[PDB]
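Asker: Before we start, here is the structure in question, set down as structure tokens.
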Amino acid sequence: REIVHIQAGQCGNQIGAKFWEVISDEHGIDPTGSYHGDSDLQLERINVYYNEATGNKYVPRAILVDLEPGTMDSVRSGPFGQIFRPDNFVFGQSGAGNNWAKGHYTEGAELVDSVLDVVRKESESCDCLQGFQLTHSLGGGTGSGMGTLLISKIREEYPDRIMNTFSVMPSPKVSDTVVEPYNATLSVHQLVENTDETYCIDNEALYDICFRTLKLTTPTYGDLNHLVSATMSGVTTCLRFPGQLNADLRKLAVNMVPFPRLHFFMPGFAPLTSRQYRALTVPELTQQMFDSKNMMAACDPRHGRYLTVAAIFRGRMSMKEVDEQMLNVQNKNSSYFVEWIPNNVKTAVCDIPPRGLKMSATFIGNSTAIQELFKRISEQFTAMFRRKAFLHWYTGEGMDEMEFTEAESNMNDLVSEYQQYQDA
Amino acid sequence: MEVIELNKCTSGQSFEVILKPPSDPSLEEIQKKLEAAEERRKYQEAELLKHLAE
Amino acid sequence: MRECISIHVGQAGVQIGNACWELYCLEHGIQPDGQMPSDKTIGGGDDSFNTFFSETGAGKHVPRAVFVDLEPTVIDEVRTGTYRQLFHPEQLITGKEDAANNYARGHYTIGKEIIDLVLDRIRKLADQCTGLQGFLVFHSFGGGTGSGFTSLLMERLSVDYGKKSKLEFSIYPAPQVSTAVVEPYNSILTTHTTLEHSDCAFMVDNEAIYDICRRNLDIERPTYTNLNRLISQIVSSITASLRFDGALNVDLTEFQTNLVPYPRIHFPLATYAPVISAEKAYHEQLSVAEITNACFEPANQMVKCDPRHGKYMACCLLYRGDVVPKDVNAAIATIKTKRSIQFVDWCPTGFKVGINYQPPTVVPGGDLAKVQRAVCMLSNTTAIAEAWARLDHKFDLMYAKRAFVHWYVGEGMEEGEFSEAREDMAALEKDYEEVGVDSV
Amino acid sequence: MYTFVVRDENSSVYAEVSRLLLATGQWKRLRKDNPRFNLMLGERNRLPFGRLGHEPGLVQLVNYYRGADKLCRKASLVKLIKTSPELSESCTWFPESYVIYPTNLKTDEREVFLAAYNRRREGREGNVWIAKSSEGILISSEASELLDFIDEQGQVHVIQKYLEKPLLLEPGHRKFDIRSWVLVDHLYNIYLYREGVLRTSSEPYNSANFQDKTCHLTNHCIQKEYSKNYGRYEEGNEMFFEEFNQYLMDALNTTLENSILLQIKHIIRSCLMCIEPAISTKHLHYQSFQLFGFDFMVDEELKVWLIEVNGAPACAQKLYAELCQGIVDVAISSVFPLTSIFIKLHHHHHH
Ligand SMILES: Nc1nc2c(ncn2[C@@H]2O[C@H](COP(=O)(O)OP(=O)(O)OP(=O)(O)O)[C@@H](O)[C@H]2O)c(=O)[nH]1
Ligand SMILES: COc1cc(-c2ccnc3cc(-c4ccc5c(ccn5C)c4)nn23)cc(OC)c1OC
Ligand SMILES: Nc1ncnc2c1ncn2[C@@H]1O[C@H](COP(=O)(O)OP(=O)(O)CP(=O)(O)O)[C@@H](O)[C@H]1O
Ligand SMILES: Nc1nc2c(ncn2[C@@H]2O[C@H](COP(=O)(O)OP(=O)(O)O)[C@@H](O)[C@H]2O)c(=O)[nH]1
Ligand SMILES: [Ca+2]
Ligand SMILES: [Ca+2]
Ligand SMILES: [Ca+2]
Ligand SMILES: [Cl-]
Ligand SMILES: [Mg+2]
Ligand SMILES: [Mg+2]
Ligand SMILES: [Mg+2]
Ligand SMILES: [Mg+2]
């Protein structure tokens, strides 16, 4: 049943806000938390992400975290800003300066216990909590450093719940500062250890998609977050709408993760949309959703092998045609699925389509090609670290070079682990 | 082909036709097994909480 | 008269249980509130139907059933559904967190905390039994509860009721009907720990039921309701001799005497004919010969396999409807000449036949047309071992890389139980090949 | 794009079918144990028929009929012929044969076998026999020798009447056997390949010393090995049908069709129609085809005798190309679409 959602830092709160805007519009709930839909399917699984309020208003089970107040004041100002429980706005004043160390060890340590208090109050109001989802970036300081500190604290207090993240990967093409590879490498090690499933969202891929196929010449963070919103709505369909598949992350985790550390998923969406009218056929949805150009992680699926795949079709369509088309990408490209995991592609369907489309598909791949993302981050890390460049920002908050050496060793290990199964 | 042991009743009939003749662990062992798995779980959890405390 | 308690475990066992009890009520004239007008002995009895229903002072006819699911949503639909009044609240048992497709979580972790409550509820039903023969256990192979909790329940029932017989109806996993990727693991594991506790087990491959529904019912994408009403017809065929007057398979012990000479090889193949669509405008009724012949087509079996390439150890025909002995023997005669039916040397080549004159009843609004005669054949053939070969191979592919194993060890299971279970299945496949193959 | 896997590397004929299929541009080979194939070219031993026809969304086809080995093992075939009413103990085209189990193993016919021998010696009949199994063959008039020898070896053996009066080609006064390739498709059509071959002895047949077995054993292996005159008359000691026809026309005033082939087609049809109910895949969830090699003898009265059926034959070198193209055409592309080289064997007589 219930999921407790956390969004941390600048990117965490902007994507998290637009996620809650998108899915609240799906579920009919308006900016004041008042329902206004025409179907009861909108409310059957509404408890997974919402608490029912006095007056049977619906309030997101969402906690909003930052070390500065800027972005969260923009959220409270934003379209659905008032939908959020005001007690759930937890913010410091100093910021983290794009500094993992500040997020994880100094500034964030000061704030983290107050975040855990709001977590606890949301958990206690849950009939039966199944776990947590975090939206954050890995390239800054709050979502990266404090976000992973929170993930560590939450596992300590709830070691048997599911921890799930949507983690935005930094890219030099959409880059705020040079220290992103450092922040991301430090964060990735925390994620390997302390989450059950991580959706790897590559700002590189969101950029290329916005540029090469949506034809947006100058993509903003707004354009990037449109894609993220649509993808997040898609992967959480089973958590929010009635179906033969009930809303639980554990079963998804069990069927997607053959080895505990390899839980980094390559997401994808079709049709790729900027904010048209053409009917998309089921064969088209299927060919696109598997297209490397529709992947939100800038890795090439043909460079690795799929361990597991989950696919989620939305709209009115023939599941006979869906079944057929799914069977035919796997029968026509059986090379790219590991033969030692039989029937490793799962297909779900949901009658309700997202806003503005009559038919969509969401792709969720556990591919060994995701190593390309981690190698890329690792090469950027190493190019600075071999000169100890920009380390003083981190040693000044107490960190030692050893902890950097350990973190890159961990990520290179994770890369070797992916490679081992691409050749097995 | 012999038709034998015919039984009739108002519900139906039954018979046999022959074409051709021929040519546990304890309750305590269970509760022990269940407790041994439980302590393997509580150990691994202690190893995690020790790691988190480091 | 001796009573039989039905136990439904996990989603598959509960939903199939509901199909079965719906059918049973329709067959015995019991209405959804448990009233049976034709039951003239009010508040008591020892008729044949009493082996499955108990009676209350007010005239309520109550299934000798317990439903058990580790999460509430499936049995809640029983509690609120059209047969809500049929069952005593105490017979519907739900946890709140399920076994997540994990045998070890259903067996070890969640099982430890609910097994005593279930046995106590099972005991309340045993206590209103003048003479209990034992249990009918419905469960999936692939679910975490259906596999893991069931095997724990089977072990304890052996302890608490050691002289009783235990029959299973087990849904075998098929990728066409939504399937967890670790269901081969769950299957082998629950077969290994249940093998000595089960006297007779009827496997239903969801693949065969699915294809029967597409091919013979013209349902292009069958639902669980489609699948379960068909399974329910077959189960009803199999149990009708415990609920109705007759002299074949009158108690659970006869099932093992008649179908299982070797106790490990206790998996009879069910074949059922005819399955006819209720939307079929013009249908010409099939004869005794035609439906008995259909018992030897693989497309009609509950497990797709090829009985020509194996040997038989036993064979029963259960007919329902307009059937008389001499037509059966005429049909058998013609069939032995045109078909590969070889028995093991130490068994007679013969058929135990049971006829019940009431044709199959069909659920109103179901997919099955009413027919004038139907048959369910129960044959203990070694060809069913094909299903174990398929399962074991899939198990072998994954376990060679230890894929997903960490999920089981994390519930407190030791990796070695995997290889133990797989070794047992290795023996079982060889038993089957010993009995049913002579050397090339 | 159809998919296939190869699980017999040592098969001359399906190697060529493998390459023929790639060259279509519409077939891609998968790795041995990839289960998502359309076509399995399977192993000779322990082919896992139980795992076929369970892949959703894949029509699957294998190049072997499960159960067809009862035709293709010497002891099996004898038991099949004696026991099946369509073939009968009274079967005019099969040599008298008796299954003999060695004494270590202790069903077996060996004392109903000597009934026939004793009948024959007291009958002053030609009384050579041959003992064989599924290279270790004994041709003797001494029964008391033959059961000696079987039990020194450890596997089950067949004792069969020896064809003392074989047709001998001249010049050469020399023995031969005929090999026919027949293809049974998924529909159980029975196709005879129009080209057979005569595997000839290059030694004159001598009926007084069976101890030497090179004019008595027409195996291509033994002839290229032991016999002085390999290659002497025919290329590779293989005579083809156009020659053997012409010889029959000149030497004996008949043709291959009338004097021999009618009999051969009748034997093929009768064997495969006998086991069809046991091996047909007509209503099965996977489908079978298979290539067989039938081996016949001709006696001097131009009566044809079946000596064995081979379930995994090799082809004659010159014929590989045409046969293998034909297997793709009628066995494979029949199921997976992209003047015939086969004679369909069908007869429907009314009685
Ligand atoms: N024929 C049929 N198969 C079912 C049904 N429900 C589930 N199955 C199959 O059983 C397997 C899944 O097992 P479930 O019974 O759903 O699992 P469970 O016992 O409830 O255990 P958890 O959900 O893991 O706690 C799959 O192969 C399903 O296809 C049903 O109603 N009818
Ligand atoms: C909460 O989110 C979701 C949950 C589920 C979900 C719910 C209940 N049971 C299952 C079982 C599998 C599952 C997953 C992968 C599998 C198999 C079999 C093979 N593979 C690779 C089964 N998923 N699942 C499903 C979703 O979509 C696919 C969800 O959204 C992504
Ligand atoms: N009853 C018999 N009478 C006369 N000749 C016989 C015979 N049985 C076998 N032969 C001869 O022995 C040779 C081969 O015997 P066999 O039946 O074992 O073939 P084989 O299995 O060894 C090789 P292949 O499988 O290619 O035919 C035949 O070619 C024939 O010359
Ligand atoms: N797709 C997307 N990426 C963002 C957004 N904001 C920041 N990023 C990226 O996030 C990294 C900087 O992290 P940020 O969230 O601003 O730091 P924090 O506030 O300290 O947690 C860099 O990789 C930015 O490119 C956003 O709104 N959308
Ligand atoms: Ca401070
Ligand atoms: Ca009564
Ligand atoms: Ca017992
Ligand atoms: Cl007892
Ligand atoms: Mg920023
Ligand atoms: Mg505090
Ligand atoms: Mg369940
Ligand atoms: Mg041979």
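Note on naming: chains are A, B, ... as they come in the structure tokens, residues start from 1 per chain, ligands start from 1 in the order shown.
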When DSSP is applied to the backbone of this structure, which of region 284-398 of chain A are assigned strand (DSSP E or B)? Write them out as an MDAnalysis selection string.
Answerer: chainID A and resid 295 306:315 337 345:350 359:367
Asker: Take the residues from that selection and put them in a file with N, CA, C and O atoms, as an mmCIF file, in the first residue's frame.
Answerer:
```
data_model
loop_
_atom_site.group_PDB
_atom_site.id
_atom_site.type_symbol
_atom_site.label_atom_id
_atom_site.label_comp_id
_atom_site.auth_asym_id
_atom_site.auth_seq_id
_atom_site.Cartn_x
_atom_site.Cartn_y
_atom_site.Cartn_z
ATOM 1 N N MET A 295 15.260 6.166 -24.877
ATOM 2 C CA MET A 295 15.832 5.888 -23.557
ATOM 3 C C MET A 295 16.259 7.182 -22.849
ATOM 4 O O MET A 295 16.938 8.023 -23.440
ATOM 5 N N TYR A 306 19.946 -7.196 -22.023
ATOM 6 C CA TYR A 306 18.872 -6.973 -21.067
ATOM 7 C C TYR A 306 18.798 -8.126 -20.050
ATOM 8 O O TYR A 306 18.623 -9.278 -20.435
ATOM 9 N N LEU A 307 18.944 -7.821 -18.757
ATOM 10 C CA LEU A 307 18.708 -8.824 -17.725
ATOM 11 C C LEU A 307 17.221 -9.038 -17.541
ATOM 12 O O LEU A 307 16.730 -10.172 -17.546
ATOM 13 N N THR A 308 16.496 -7.953 -17.370
ATOM 14 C CA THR A 308 15.058 -7.985 -17.230
ATOM 15 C C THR A 308 14.509 -6.731 -17.876
ATOM 16 O O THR A 308 15.216 -5.733 -18.040
ATOM 17 N N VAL A 309 13.227 -6.790 -18.232
ATOM 18 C CA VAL A 309 12.512 -5.672 -18.826
ATOM 19 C C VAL A 309 11.099 -5.664 -18.275
ATOM 20 O O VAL A 309 10.446 -6.709 -18.187
ATOM 21 N N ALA A 310 10.613 -4.484 -17.938
ATOM 22 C CA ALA A 310 9.204 -4.286 -17.651
ATOM 23 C C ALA A 310 8.679 -3.223 -18.604
ATOM 24 O O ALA A 310 9.377 -2.243 -18.891
ATOM 25 N N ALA A 311 7.454 -3.423 -19.101
ATOM 26 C CA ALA A 311 6.859 -2.542 -20.100
ATOM 27 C C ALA A 311 5.402 -2.285 -19.739
ATOM 28 O O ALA A 311 4.698 -3.184 -19.264
ATOM 29 N N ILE A 312 4.958 -1.043 -19.904
ATOM 30 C CA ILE A 312 3.656 -0.626 -19.394
ATOM 31 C C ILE A 312 2.967 0.162 -20.492
ATOM 32 O O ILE A 312 3.393 1.277 -20.823
ATOM 33 N N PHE A 313 1.911 -0.416 -21.061
ATOM 34 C CA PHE A 313 1.151 0.198 -22.139
ATOM 35 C C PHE A 313 -0.060 0.898 -21.537
ATOM 36 O O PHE A 313 -0.704 0.350 -20.637
ATOM 37 N N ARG A 314 -0.342 2.123 -21.986
ATOM 38 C CA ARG A 314 -1.465 2.902 -21.469
ATOM 39 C C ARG A 314 -2.406 3.286 -22.599
ATOM 40 O O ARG A 314 -1.954 3.769 -23.650
ATOM 41 N N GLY A 315 -3.700 3.066 -22.385
ATOM 42 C CA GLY A 315 -4.742 3.440 -23.322
ATOM 43 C C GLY A 315 -5.632 2.267 -23.691
ATOM 44 O O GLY A 315 -5.483 1.150 -23.198
ATOM 45 N N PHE A 337 18.640 -10.270 -25.068
ATOM 46 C CA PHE A 337 18.096 -10.669 -23.776
ATOM 47 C C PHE A 337 18.869 -11.881 -23.287
ATOM 48 O O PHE A 337 19.126 -12.800 -24.070
ATOM 49 N N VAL A 345 10.858 -10.657 -19.878
ATOM 50 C CA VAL A 345 10.138 -9.447 -20.265
ATOM 51 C C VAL A 345 8.710 -9.575 -19.793
ATOM 52 O O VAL A 345 7.983 -10.461 -20.258
ATOM 53 N N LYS A 346 8.304 -8.624 -18.970
ATOM 54 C CA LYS A 346 6.963 -8.557 -18.374
ATOM 55 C C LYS A 346 6.203 -7.383 -18.978
ATOM 56 O O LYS A 346 6.784 -6.335 -19.154
ATOM 57 N N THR A 347 4.921 -7.578 -19.246
ATOM 58 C CA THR A 347 4.098 -6.572 -19.890
ATOM 59 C C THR A 347 2.868 -6.319 -19.037
ATOM 60 O O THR A 347 2.201 -7.258 -18.611
ATOM 61 N N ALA A 348 2.606 -5.060 -18.737
ATOM 62 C CA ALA A 348 1.411 -4.647 -18.031
ATOM 63 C C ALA A 348 0.666 -3.635 -18.893
ATOM 64 O O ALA A 348 1.238 -3.027 -19.806
ATOM 65 N N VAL A 349 -0.626 -3.476 -18.604
ATOM 66 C CA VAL A 349 -1.500 -2.585 -19.355
ATOM 67 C C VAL A 349 -2.394 -1.828 -18.385
ATOM 68 O O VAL A 349 -2.728 -2.302 -17.291
ATOM 69 N N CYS A 350 -2.768 -0.625 -18.795
ATOM 70 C CA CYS A 350 -3.618 0.233 -17.999
ATOM 71 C C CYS A 350 -4.557 0.969 -18.942
ATOM 72 O O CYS A 350 -4.094 1.621 -19.886
ATOM 73 N N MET A 359 -2.656 6.824 -26.469
ATOM 74 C CA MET A 359 -1.875 5.612 -26.275
ATOM 75 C C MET A 359 -0.434 5.962 -25.954
ATOM 76 O O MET A 359 0.209 6.687 -26.717
ATOM 77 N N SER A 360 0.078 5.445 -24.835
ATOM 78 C CA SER A 360 1.499 5.580 -24.524
ATOM 79 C C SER A 360 2.056 4.248 -24.057
ATOM 80 O O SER A 360 1.318 3.349 -23.645
ATOM 81 N N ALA A 361 3.378 4.156 -24.089
ATOM 82 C CA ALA A 361 4.110 3.039 -23.524
ATOM 83 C C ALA A 361 5.279 3.569 -22.695
ATOM 84 O O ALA A 361 5.951 4.527 -23.094
ATOM 85 N N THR A 362 5.524 2.930 -21.545
ATOM 86 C CA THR A 362 6.666 3.234 -20.698
ATOM 87 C C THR A 362 7.571 2.013 -20.605
ATOM 88 O O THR A 362 7.094 0.906 -20.309
ATOM 89 N N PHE A 363 8.869 2.218 -20.866
ATOM 90 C CA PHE A 363 9.884 1.166 -20.864
ATOM 91 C C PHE A 363 10.730 1.264 -19.600
ATOM 92 O O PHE A 363 11.037 2.363 -19.142
ATOM 93 N N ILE A 364 11.070 0.115 -19.018
ATOM 94 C CA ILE A 364 11.899 0.030 -17.818
ATOM 95 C C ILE A 364 12.869 -1.110 -18.005
ATOM 96 O O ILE A 364 12.495 -2.268 -17.791
ATOM 97 N N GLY A 365 14.108 -0.803 -18.388
ATOM 98 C CA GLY A 365 15.100 -1.809 -18.719
ATOM 99 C C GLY A 365 16.167 -1.934 -17.641
ATOM 100 O O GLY A 365 16.713 -0.936 -17.166
ATOM 101 N N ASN A 366 16.456 -3.173 -17.262
ATOM 102 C CA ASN A 366 17.640 -3.459 -16.473
ATOM 103 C C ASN A 366 18.636 -4.074 -17.449
ATOM 104 O O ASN A 366 18.732 -5.288 -17.586
ATOM 105 N N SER A 367 19.400 -3.206 -18.104
ATOM 106 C CA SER A 367 20.363 -3.573 -19.128
ATOM 107 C C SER A 367 21.783 -3.402 -18.620
ATOM 108 O O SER A 367 22.087 -2.447 -17.896
#
```
Asker: Find the residues near residue 299 (chain D): any atom within 10 Å, counting only C-alpha atoms, skip ones fewer than 6 places away on the same chain, and give them as a list in words.
Answerer: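 In the requested form, the answer reads residues 163, 164, 165, 166, 167, 168, 175 and 305 of chain D.
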Asker: Would you export the selected residues with N, CA, C and O atoms as a compact mmCIF listing (two decimals), in the first residue's frame, please?
Answerer:
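Result file is selection19.txt:
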```txt
# COMPACT_ATOMS: atom_id res chain seq x y z
N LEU D 163 21.24 -63.53 -47.43
CA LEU D 163 20.72 -63.55 -48.79
C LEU D 163 21.75 -64.25 -49.67
O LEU D 163 22.60 -63.61 -50.32
N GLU D 164 21.65 -65.59 -49.70
CA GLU D 164 22.66 -66.43 -50.34
C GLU D 164 22.67 -66.28 -51.86
O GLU D 164 23.72 -66.47 -52.49
N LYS D 165 21.53 -65.91 -52.45
CA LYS D 165 21.36 -65.77 -53.89
C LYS D 165 21.14 -64.31 -54.27
O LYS D 165 20.07 -63.96 -54.75
N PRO D 166 22.13 -63.42 -54.08
CA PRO D 166 21.91 -62.02 -54.43
C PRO D 166 22.08 -61.75 -55.91
O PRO D 166 22.79 -62.47 -56.62
N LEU D 167 21.41 -60.71 -56.38
CA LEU D 167 21.67 -60.24 -57.73
C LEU D 167 23.09 -59.70 -57.79
O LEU D 167 23.51 -58.92 -56.92
N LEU D 168 23.85 -60.14 -58.79
CA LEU D 168 25.25 -59.77 -58.94
C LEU D 168 25.44 -59.02 -60.25
O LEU D 168 25.00 -59.49 -61.30
N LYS D 175 28.26 -58.16 -55.47
CA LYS D 175 27.13 -57.79 -54.63
C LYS D 175 26.94 -56.27 -54.57
O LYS D 175 27.82 -55.50 -54.99
N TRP D 305 14.47 -56.75 -50.77
CA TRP D 305 14.47 -57.05 -49.35
C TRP D 305 14.91 -55.81 -48.57
O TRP D 305 15.90 -55.17 -48.93
```
Asker: Within 7 Å of ligand 8 (counting only C-alpha atoms and all ligand atoms), which residues show up? I'd like them as an MDAnalysis selection string.
Answerer: chainID C and resid 160:164
Asker: Check which residues of chain A sit at most 7 Å from chain D using only C-alpha atoms, and return one row each with the closest pair of atoms and their distance in Å to one decimal, ordered by chain and rising number, as a tab-separated table.
Answerer:
```
residue	atom	partner	partner_atom	distance
A:327	CA	D:57	CA	6.2
A:331	CA	D:36	CA	5.9
A:334	CA	D:36	CA	6.9
A:339	CA	D:34	CA	6.1
```
Asker: What are the nearest atom pairs, with distances in Å to one decimal, for all residues of chain C that come at most 7 Å from chain B, using only C-alpha atoms, set out by chain and rising residue number as a tab-separated table?
Answerer:
```
residue	atom	partner	partner_atom	distance
C:108	CA	B:34	CA	5.8
C:112	CA	B:34	CA	6.7
C:159	CA	B:27	CA	6.5
C:245	CA	B:11	CA	6.1
C:246	CA	B:9	CA	6.8
C:247	CA	B:14	CA	6.3
C:248	CA	B:14	CA	6.2
C:345	CA	B:23	CA	5.1
C:346	CA	B:22	CA	5.1
C:347	CA	B:22	CA	5.0
C:348	CA	B:22	CA	4.4
C:349	CA	B:20	CA	5.1
C:350	CA	B:18	CA	4.1
C:351	CA	B:17	CA	5.4
C:352	CA	B:16	CA	4.4
C:353	CA	B:15	CA	5.4
C:354	CA	B:14	CA	4.2
C:355	CA	B:13	CA	5.0
C:356	CA	B:12	CA	4.3
C:357	CA	B:12	CA	5.2
C:410	CA	B:41	CA	6.7
C:411	CA	B:41	CA	6.2
C:412	CA	B:37	CA	4.3
C:413	CA	B:37	CA	5.9
```
Asker: Quick one: which residues from chain A are at most 12 Å off chain B, using only C-alpha atoms, as a PyMOL selection string?
Answerer: chain A and resi 149+151-160+190+193-194
